[PDB]
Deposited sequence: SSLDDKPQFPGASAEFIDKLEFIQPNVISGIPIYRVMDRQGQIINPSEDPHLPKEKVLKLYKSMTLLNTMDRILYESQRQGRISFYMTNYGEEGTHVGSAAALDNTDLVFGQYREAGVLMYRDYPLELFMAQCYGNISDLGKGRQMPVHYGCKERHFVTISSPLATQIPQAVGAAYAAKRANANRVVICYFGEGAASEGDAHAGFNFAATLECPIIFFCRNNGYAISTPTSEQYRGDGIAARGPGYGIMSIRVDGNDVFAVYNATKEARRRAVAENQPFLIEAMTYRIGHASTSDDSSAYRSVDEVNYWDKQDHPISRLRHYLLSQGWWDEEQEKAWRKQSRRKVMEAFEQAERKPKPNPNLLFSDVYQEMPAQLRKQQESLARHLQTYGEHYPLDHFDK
């Protein structure tokens, strides 16, 4: 051999390597029964109830905000249907300070981390309570306190960024891991190849969490890739990989818990591909709760009622708050405000003094 590119022997016959099916890891069946006792995480009742309540509260909020979008009360919305288990299950396996990068289906991570209903709604309405100052489109959430990096629209850009944050974590040596969520469509972007390769060659403690639901808008996966999903790409980058049942919160939890443990200890990336769709994560966990004697019909009714009420109170409040001062359109472009940008801000103030009646000033703060 003696080649500086790859360790291998010689072969004397011409043989092309064919795309050599990764199995889907499952812990509980559609009836909520633990399939293999040695894989039961035996999470405490309080934690499991928190998984269930976080998922259902997200679903309740989704229903109301979806309707809100349909009435044109908010300009855009993305639901979390089918993704409640992948996000609450994986979030439960993380340490509270582990940094999260994501895209559009990660609100369940924030919900598990106790992000206020008031803040989810402030962002969607772009009101004065939004720490994002109403600058981005709805569902572009971010929370510095809960280590959830602000979402941006360009797909996959957060992947190599998540790798850099992980490299810095390694250097700071404080036992933290970074998790980066993305869809199978986003995995087609060049930024995905960059992130996976950099994470492996620079030995970064990061978990890549790919949600594969078979579609990127109208595009089926048959038009997205030809190998065996995204999990099959991991080995080629030298990344430990696994495929899991996205409708099974326990399977998701187990895979994320072990990936986190090894990523932080070994400074090596892990790839988890969770299969989901359009046997729903909420339905399956509820069956489990019943079998343990941890939930019943009366508790379900009381919760559905308390959650609807909590969501509507936040909703009504969000709608009556004013939007931020228009001056906020000019700050944070740079940390400080360049004199030429201030000149533009002053230009607007002068314009509104004269033509203000033609603008929706009554809706904005100050």
Go through the deposited sequence from residue 1 and tell me which stretches lack C-alpha coordinates, in order. 1-6, 27-29, 288-312
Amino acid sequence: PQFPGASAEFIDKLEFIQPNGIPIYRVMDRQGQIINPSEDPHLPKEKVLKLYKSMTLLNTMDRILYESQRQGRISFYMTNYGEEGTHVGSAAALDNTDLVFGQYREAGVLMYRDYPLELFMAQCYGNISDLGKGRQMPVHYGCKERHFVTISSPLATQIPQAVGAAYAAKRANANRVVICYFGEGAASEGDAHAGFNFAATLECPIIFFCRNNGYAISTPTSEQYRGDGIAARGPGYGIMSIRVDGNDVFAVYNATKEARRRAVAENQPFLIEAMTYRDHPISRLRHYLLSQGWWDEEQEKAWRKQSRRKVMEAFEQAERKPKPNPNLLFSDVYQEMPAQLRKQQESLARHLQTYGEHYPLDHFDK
From here on, numbers count along this sequence of modelled residues.
Higher-scoring stretch by recorded Cα B factor average, 291-299 or 110-118: 291-299
Which has the higher mean CA temperature factor in the PDB entry, 137-145 or 257-265? 257-265
Selection from 308, 45, 323, 53 [criterion: highest C-alpha temperature factor in the record]: 308
Chain thirds by Cα B factor, record data; residue 29 belongs to the highest
Grab the CA temperature factor for residue 157 from the record and place it in the lowest, middle or highest third of its chain. lowest
Once the chain's modelled residues are ordered by C-alpha B factor and cut into thirds, is residue 175 in the lowest, middle or highest one? highest
Which third of the chain does residue 312 land in by C-alpha B-factor: lowest, middle or highest? highest
Residue 216 - Cα temperature factor, lowest/middle/highest third of chain: highest
